[PDB]
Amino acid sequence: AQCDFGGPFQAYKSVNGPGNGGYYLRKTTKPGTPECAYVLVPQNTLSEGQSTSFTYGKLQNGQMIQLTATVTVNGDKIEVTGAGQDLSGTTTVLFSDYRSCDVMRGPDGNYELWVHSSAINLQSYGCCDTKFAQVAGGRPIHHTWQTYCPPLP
């Protein structure tokens, strides 16, 4: 069935997602990103314009490390503060199904596919794959999640 890439797309709904678990950074056009990079959905429901803490991490020494930063949501903007030299800054939601996957423009201008822990082992990410392919174009793709990645904390 056809995908609908007309928005608008609402950041608080993207960041809340299915209402549980978290998202792995599955593919990106930015090189050098830490293997198994992920965010957890915030512990409490976000509504429009709010700021909240969230956990994020990556694989390190066989374990998923947890760090915290702040995320504030407005329109299609996910604004991250206090996450250092990777996740901090403005992420824009280009597409999302509010459930399993998102396609973003990251703060550096790169494109990103994020996939919910419930859907990460699927063979195809459906409409997000189609959207990520569109925006990524002929740019090199880096595959950040691998089947050896531990499960989310």
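Position 1 is the first residue in the sequence shown; the rest follow in order.
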Between 116-124 and 22-30, name whichever shows the higher mean Cα B factor according to the PDB entry.
116-124
Between 93-101 and 80-88, which has the larger average Cα B-factor in the PDB entry?
80-88
Relative to the other modelled residues of the same chain, rank the CA B-factor of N110 and answer lowest, middle or highest third.
lowest
Could you look up the Cα B-factor of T147 in the entry and say which third of the chain it sits in: lowest, middle or highest?
middle
Grab the CA temperature factor for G137 from the record and place it in the lowest, middle or highest third of its chain.
highest
By the recorded C-alpha temperature factor, relative to the other modelled residues in its chain, which third is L40 in?
lowest
Modelled-residue ranking by C-alpha temperature factor, third containing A69
lowest
